[PDB]
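Chain by chain, the residues run as shown.
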Amino acid sequence: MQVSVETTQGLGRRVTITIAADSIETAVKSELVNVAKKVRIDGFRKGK
RNA sequence: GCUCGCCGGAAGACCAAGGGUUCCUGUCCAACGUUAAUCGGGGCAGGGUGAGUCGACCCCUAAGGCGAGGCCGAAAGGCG
């Protein structure tokens, strides 16, 4: 899951979780096809 | 979906006339439907009509209308 820890200043602590494209490009492709089968653009049928 | 029953020179398919979105899809049931309606030709929102060769347009005229001038009529106008 690519866990990484660091320290910024004072008492804080940052983490920089840099996941790969397979959990990023799919994250775009999971959020596209759940819209077109549900939403109705004004020019078309409901779900085509 | 399965049996049942009727029309079958029509209660079947088409075109002109006429109407004017009534056709398709989603959604809604208050009103309209001679009853209840999830359904509709009802309410709302979105789509749908592609032509050198089919029709209109155009070329040509019939009945008949209009009629430059012209004839005739108090005026309007009547014929050609």
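Anyway, here's the lowdown on the structure attached to this text.

1. Considering the environment of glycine 43
Turning to step 1, where the next piece is worked out: Mapped onto the elements, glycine 43 comes out in the segment after α1 (25–36).
Turning to step 2, where the next piece is worked out: Distance in space between the C-alpha atoms of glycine 43 and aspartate 22 is 33 Å, their sequence separation being 21 residues.

2. Overview of unusual backbone geometry
Turning to step 1, where the next piece is worked out: Although it is not a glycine, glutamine 2 sits at a positive phi angle of roughly 60°.
Turning to step 2, where the next piece is worked out: Classification of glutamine 2 as partly exposed rests on a relative accessible area of 45%.

3. Describing the protein's contact with RNA strand B
Turning to step 1, where the next piece is worked out: As a matter of local geometry, RNA strand B sits amid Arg40, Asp42, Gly43 and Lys46.
Turning to step 2, where the next piece is worked out: Among the atoms of RNA strand B close to the protein, meaning within 4 Å, 100% are from sugar or phosphate groups.
Turning to step 3, where the next piece is worked out: Here a sugar or linking oxygen of RNA strand B sits 2.2 Å away from a polar atom, N or O, in the main chain of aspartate 42.
Turning to step 4, where the next piece is worked out: For the surface near RNA strand B, the per-class residue count stands at no nonpolar, one polar and three charged.

4. Here's the deal with the pattern of salt bridges
Turning to step 1, where the next piece is worked out: On inspection of all chains with the given rule, the structure shows one salt bridge.
Turning to step 2, where the next piece is worked out: Salt-bridge contacts for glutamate 25 lead to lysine 29; the nearest nitrogen and oxygen are separated by 3.0 Å. Here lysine 29 and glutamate 25 lie together in helix α1, a separation of four residues that amounts to about one turn.

Definitions and cut-offs
Residues numbered from 1 in each chain as written, not as in the entry; some residues may be left out. Chains lettered and ligands numbered in written order. Part of a larger assembly, values for the part shown. Heavy atoms only, no water. Helix = DSSP H or I, 4+ residues; strand = E, 2+ residues; numbered from the N terminus. Buried < 20%, exposed > 50% of the residue type's maximum accessible area, 1.4 Å probe, protein only. Near = heavy atom within 4 Å. Polar contact = N/O pair within 3.5 Å; in protein donor to acceptor, adjacent residues only side chain to side chain. Nonpolar A, V, L, I, M, F, W, Y, C, P; charged D, E, K, R; others polar. Salt bridge = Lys/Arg side-chain N within 4 Å of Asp/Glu carboxyl O.

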